[PDB]
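Enquirer: Sequence first, structure after; it's an experimental one.
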Amino acid sequence: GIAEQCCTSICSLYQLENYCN
Amino acid sequence: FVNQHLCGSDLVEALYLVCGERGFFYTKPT
């Protein structure tokens, strides 16, 4: 559930870069 | 990118800009 942690909390351009592929 | 939440294109606009060729996973159900 990345959205649950990236939609109810926050994300970083690298933290979001980690969800690539 | 800053310290805000995400969802919809907001999450892709970030995943797409951070991934691009590696595309992104993006989940929902599991």
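Expert: Done, it's in. Numbering: from 1, shown residues only, chains lettered A, B, ... in the order given.

Enquirer: Identify the residues contacting stretch A:7-21?
Expert: A:2, A:5-6, B:1, B:3-7, B:11, B:14-15, B:17-19, B:22-26 (C-beta atoms under 8 Å, 6 or more residues apart in numbering or on different chains). Heads up, the C-betas are built off the backbone N, CA and C, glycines and all.

Enquirer: hmm, stretch B:1-15 touching chain A?
Expert: Yes - counting by C-beta under 8 Å from any C-beta of the partner chain, chain A is contacted by stretch B:1-15 at B:1, B:3-7, B:11, B:14-15.

Enquirer: Start and end of that stretch, how far apart?
Expert: Stretch B:1-15 has an end-to-end distance of 11 Å (criterion: C-alpha to C-alpha, to the nearest Å).

Enquirer: What of stretch B:9-25?
Expert: 14 Å.

Enquirer: In it, which residues are buried?
Expert: B:11-12, B:14-15, B:18-19, B:24 (16 or more other C-beta atoms under 10 Å in any protein chain shown).
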